[PDB]
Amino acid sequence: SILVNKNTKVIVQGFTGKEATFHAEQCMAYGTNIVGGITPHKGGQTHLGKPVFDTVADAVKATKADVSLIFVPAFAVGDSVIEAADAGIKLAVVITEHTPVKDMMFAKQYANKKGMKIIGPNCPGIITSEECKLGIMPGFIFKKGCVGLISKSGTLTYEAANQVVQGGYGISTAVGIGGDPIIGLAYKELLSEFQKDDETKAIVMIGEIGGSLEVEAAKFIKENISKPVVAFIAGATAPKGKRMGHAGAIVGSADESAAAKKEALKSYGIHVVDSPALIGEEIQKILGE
């Protein structure tokens, strides 16, 4: 597993909101050590049996959590990421979609300076199979195994995970890195974590149209990652210059296209899958029956 486990202490920003409450409860039932949460003007209350704080700084002082799970609305995301970084959070998992790009641009520069890593925004979060989950993913799909998962999507990640479990294997940790044009941790950082994780024997990377992270990852894999990598890049059939749901999913130039990414990955030895139905099968080819 990487980054998180059953002991990781987690605070929730936007803890008393309806959606956040629903997911926080499911995360706790799955084993996540949620120690508290933030909602301005509700400091001193109790919620899902844990303390509520007005500020991340108060929560960190009381609980010593260094991981935050962020459910606040889009208009609050940038300031909530900055708040987390200011208080000494080391990893912020940001679920919310529709964050203004500029807010994310400035919040990431501040997070970088303070040494806080981000997962997201516009992502389902991170899960370590049968240990903990931080986000909105269906816990029971993730059966423990030796396959790492890095994905710019939500449901397609579950589809891939399920194919791997049905194919006789399982997931170590799965990370949704987000569908926005600016995100936090991505392929290079997470592939390096997985390469150092003895429980992981292979990695599935799921990408999509827009920017060139997956092209740059290809050479990086060749030079640094000796564990096998399977890639599926969504959007081969996407029209150019059109947003395909995700703010980040838009082909502006030829190197942002799915074909350009698949071709780069293929030429550097990555196992590239054309049909999204056959990700599990690719893992079986690699690891055996």
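Sequential numbering from 1, following the sequence displayed.
- Averaged over CA atoms, B-factors in the entry run higher in 42-50 than in the other of 242-250 and 42-50.
- Among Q166, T99, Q109, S80, the highest C-alpha B-factor in the deposited entry belongs to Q166.
- When the modelled residues of the chain are ordered by C-alpha B-factor, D180 sits in the lowest third.
- Residue-level temperature factors show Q13 in the lowest third of its chain, judged at the C-alpha atom.
- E208 sits in the lowest third of its chain by CA B factor, as recorded in the PDB entry.
- Per-chain ranking of the deposited C-alpha B factor places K219 in the highest third.
- Among all modelled residues in this chain, the alpha-carbon of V56 has a temperature factor (C-alpha) in the middle third.
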